[PDB]
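Given next, in structure tokens, is a single chain: the form deposited in one PDB entry.
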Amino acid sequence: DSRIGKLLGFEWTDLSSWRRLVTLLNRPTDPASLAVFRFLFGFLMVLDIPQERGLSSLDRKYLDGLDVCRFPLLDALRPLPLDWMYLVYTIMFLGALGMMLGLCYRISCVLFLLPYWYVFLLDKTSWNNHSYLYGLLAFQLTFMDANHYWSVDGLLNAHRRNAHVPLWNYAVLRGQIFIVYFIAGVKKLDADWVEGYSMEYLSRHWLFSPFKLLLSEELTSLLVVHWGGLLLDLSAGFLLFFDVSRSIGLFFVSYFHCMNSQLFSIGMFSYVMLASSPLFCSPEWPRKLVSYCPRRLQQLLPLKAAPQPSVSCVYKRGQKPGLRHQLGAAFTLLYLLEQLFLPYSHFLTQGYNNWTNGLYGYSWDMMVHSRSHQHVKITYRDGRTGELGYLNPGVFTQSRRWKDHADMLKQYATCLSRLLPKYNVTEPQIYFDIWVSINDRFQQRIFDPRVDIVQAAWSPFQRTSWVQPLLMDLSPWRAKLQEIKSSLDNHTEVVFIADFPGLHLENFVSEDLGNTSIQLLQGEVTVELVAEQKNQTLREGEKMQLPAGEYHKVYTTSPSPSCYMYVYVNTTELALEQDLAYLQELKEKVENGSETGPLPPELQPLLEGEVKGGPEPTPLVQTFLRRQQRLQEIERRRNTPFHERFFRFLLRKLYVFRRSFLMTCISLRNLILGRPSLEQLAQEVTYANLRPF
């Protein structure tokens, strides 16, 4: 009756003592909405396992014999053989089905939870924010009585058909969703998001077309995308709770999630969040919806009678709370407190700290940092001969997150140290030099290029000494940089570098990049040409013309970091483009009747379009024909009806699911009966990789 107790659902007196808080978190409630969320979540995970978890492409990731570098959270974890991995994924699928249909719920939740976290912890390069959310929701749902309504276990056991559930299930779920929204909102108060640097180019998508009818492109790219996102995160946290402001909240959140689904390729995150939004409605909306149906349809829909008493809730007559009620209340409070604390727990695990904070995956800092890499070099020194060699950038790896994070770099170095000695390299010392920029800043080194990473020092609870600090003092320069970058022609390209004192950059400009120049913006550098061993000292605003096809070094001699730039034009491509344009112009002139003189023999293949009964085409002819074919293909792709695209999408997904099923069957047969001859295995694998059509 009290106003303050009706907008929150509990009087203050219910929090006076422990025995009355346990009686509030175990109040009876209708199980209707929890069952619907359970069904949708299980179905979505069933759909998700063959697509994002990687059951389709599991035969090329964990292939036996292939030597690859793994990035597990713990060094003790190791993948099992491929067949047992397929068995693990089969257990995941069975558990997801059990959650969907509510059959053996408490065993199905375990069978889905344990394999999922094994896969999640086996690789650090596949930690999104939605995988963590799925794992957390499974962990919560393992303890919630969500099989009371619309479940097969209800049909089997008569004490769980339309039975009450304690209130703390809804409390935990709503708290999780609110934490997601609110922590995302507060994390998006970084200076980059509120200024318009994260997702700067997203305003060009056609879905933002109506907004441009009233605002310019830049304001649409600042007010709508960034500030709108922040405000929507906070408001989606708060509005859905209160009854007065739920329709508006549901509308905005649904529009937000549909647009996110179309704009990005996150996966099932948007649909899962859409499913989670109705949890804030009344606990009995499916029942009232079922009531408003014809009598004929109700013979298949769930029941509509009031739920029966359950032995998992405390009823007010009195009843002394038992043991499971207290554990439920404690679990709710502790879990929510831990979820609040974990995103801000980076002052304990300082080893994973970098330019950003902590490993990506559990901070809810979605779409806030964009990184661009310019170069990566790996150098090694043999411990016996003393020779120096250079390795490929990303050899023996299946992901590109080892560049940003130091803990993964240490594992990469150790893996290379173990693998190299079979290529005659004894006791290598491995150095790294990586150029990365975040949110359109100056390119700068992320790791020290003089430290032997193989025999360096790294602990999870201490700061790494070989990670360069971010030069945020050069942050305000960005407004100038675009002005420099927007004044160039259609051929010129520009690169920006900022370098530390005492370090030098050695660069080998290719023979194609003629007309390359270096200009200094801030600091003091000396540029050395090694061809004649001549070095020139440069002051601010001095331009130099570098060779094309020789080494050159730039040393930073100032006491503070120095910022400079490269401006280059690809002369070879320009000459090729002019020649190709001339050839196309001559062909057009011949076609329209001009240039009445007989065509050269080299031009004859161009008009004919087929090299038959004549000399092989020149490289210019081959390039022109390739460009013509590519243009025709693009034109054909653009001019396609919608239904063809939808049909191709459905066929591709059907192929993915079919390959997953057939490979899993082959693996299970290998496990149980045995392994047939090689020819039979090859034939079966060929059958698996067959387009449906």
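Between two forms, the rigid core is defined as the largest C-alpha subset superposing within 1.5 Å. From 1 onward, residues are counted along the sequence shown.
What comes next is about the form deposited in another entry, which is not displayed.
- Residue shifts between the shown form and the other one, rigid core superposed: of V68, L63, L668, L631, the only C-alpha displaced by 2 Å or more belongs to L631.
- Superposed on the core, the two forms differ at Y292: its CA moves 2 Å or more between the shown form and the other one.
- In this overlay on the rigid core, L303 has a C-alpha that sits 2 Å or more away from its partner position between the shown form and the other one.
- Residue displacement note: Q622 has its CA displaced by at least 2 Å between the shown form and the other one (rigid core superposed).
- CA of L250 to CA of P302: farther apart by 3 Å or more in that other deposited form than in the shown form.
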